[PDB]
Amino acid sequence: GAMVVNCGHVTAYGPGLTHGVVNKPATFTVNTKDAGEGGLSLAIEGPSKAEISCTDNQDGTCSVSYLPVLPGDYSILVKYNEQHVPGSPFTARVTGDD
Numbered sequence: 005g006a007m008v009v010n011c012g013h014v015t016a017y018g019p020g021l022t023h024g025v026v027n028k029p030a031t032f033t034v035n036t037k038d039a040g041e042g043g044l045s046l047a048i049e050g051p052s053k054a055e056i057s058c059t060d061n062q063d064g065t066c067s068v069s070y071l072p073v074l075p076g077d078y079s080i081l082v083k084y085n086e087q088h089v090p091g092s093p094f095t096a097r098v099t100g101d102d
């Protein structure tokens with residue numbers, strides 16, 4: 005196992021890779037810390053689809069924002085330069101309220 009002092013050039017983390025909330029915005033964080041200013045990409049699968057928005061900020065992240073509209077096992081596909089990341093895929097288990 006790794007430590008916090010030796011992490012990779014580009015990472016994806018947060019509760020939005022592993023859980024969800026139907027009809028309220030689901031989010032997680034990505035960080036191109038030695039990879040660059042950005043340029044990575046995503047795709048999301050499941051029983052249903054999402055809009056996969058993002059925000060630039062001033063903190064160096066590529067902050068991802070999506071919206072699950074039906075309860076399900078929403079599979080994140082992270083890619084870095086045309087191929088998948090070292091920990092891909094991920095699966096956001098979205099729970100419902102109605």
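Residue numbers (my numbering): 5 to 102. Beta carbons are placed, not taken as given, at the ideal position from N, Cα and C, and that holds for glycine.
Residue i versus residue j: straight-line alpha-carbon distance, rounded
i	j	result
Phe32	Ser45	13 Å
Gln62	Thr99	32 Å
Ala54	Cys11	29 Å
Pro29	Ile56	10 Å
residue 3	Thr95	For residue 3 there is no data in the structure shown, the boundaries of the chain being 5 and 102.
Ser69	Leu81	14 Å
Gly42	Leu71	22 Å
Cβ separation of residue i and residue j, assumed to be a contact under 8 Å, to the nearest whole Å
i	j	result
residue 115	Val73	Residue 115 falls outside the range modelled here, since the chain spans only 5 to 102, and no answer is possible.
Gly64	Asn35	7 Å
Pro93	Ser79	5 Å
Close-in-space but distant-in-sequence residues of the same chain around residue i (CB under 8 Å, 5 per side omitted)
i	result
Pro19	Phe32
residue 4	It is not possible to answer for residue 4, since the shown part of the chain is limited to 5 through 102.
Contacts around residue i, its chain only, beta-carbon distance under 7 Å, and the 5 residues preceding and following it disregarded
i	result
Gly76	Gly50, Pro51, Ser52, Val98
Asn85	none
Within-9 Å CB hit, residue i to chain E
i	result
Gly64	The chain inventory of the structure shown lacks chain E, comprising one protein chain alone.
Sequence-distant residues of the same chain with beta carbon closer than 6 Å to residue i, five excluded per side
i	result
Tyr17	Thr33
| field | alpha helix (DSSP H) runs contained entirely in the region 56 to 85, provided each spans 4 or more residues | value | Listed in chain order, nothing qualifies, since the region 56 to 85 has no complete alpha helix (DSSP H) run of 4 or more residues.
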